[PDB]
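**Student:** Sequence plus experimental coordinates follow:
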Amino acid sequence: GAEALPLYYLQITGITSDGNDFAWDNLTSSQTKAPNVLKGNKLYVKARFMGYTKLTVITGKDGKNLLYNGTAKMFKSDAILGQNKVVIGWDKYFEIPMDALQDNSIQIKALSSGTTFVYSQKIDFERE
């Protein structure tokens, strides 16, 4: 246990949709709102998880884990390096429906350690 430290940083980091030319729009370092109105319904986050997790949660409107509900899945998992080939984290991609969300924003939360659940920010957006 050295480079499998718990999740120490969670942030939405990039966002796009299928309708937005896959324009990943590098989010400001503490952004609270969208770059633009994301066209479409296939919402694509590219969120930075610095530290080990496989316990992602997204509560949706209904108040249940959407990634165990039906629509949202992780479907792509690259790697990231902290220069010295150190595995600082992996960019866990997700396929969220905009439609199933509680409000016009996206948010992720994940298990850091014990029962700490890092909440990402909220990123409010427009629907076409």
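**Tutor:** Yep, that arrived. Numbers count the residues shown, from 1 in each chain.

**Student:** Now the most centrally placed residue in the chain. Its backbone dihedrals?
**Tutor:** With the centre of the chain defined as its mean C-alpha position, the nearest residue by C-alpha atoms, centre = their mean is residue 47, 4.1 Å away. Its backbone dihedrals place residue 47 at phi -100, psi 140, with angles given as degrees, to the nearest 10.

**Student:** pretty sure it contacts residue 10?
**Tutor:** Yes. Residue 47 sits in contact with residue 10 when judged by C-beta atoms under 8 Å, with a separation of 7.0 Å. C-beta coordinates here come from the backbone N, C-alpha and C atoms, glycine included.

**Student:** joint contacts of those two?
**Tutor:** Shared contacts of residue 47 and residue 10, defined by C-beta atoms under 8 Å, 6 or more residues apart in numbering, are found at 108, 120.

**Student:** Okay, the closest residue to residue 32 other than its chain neighbours and residue 102: tell me how far apart.
**Tutor:** Closest residue to residue 32 apart from its sequence neighbours, by C-beta to C-beta, 6 or more residues apart in numbering: residue 121 at 5.9 Å. Here residue 121 is placed at a distance of 15 Å from residue 102 (C-beta to C-beta, to the nearest Å).
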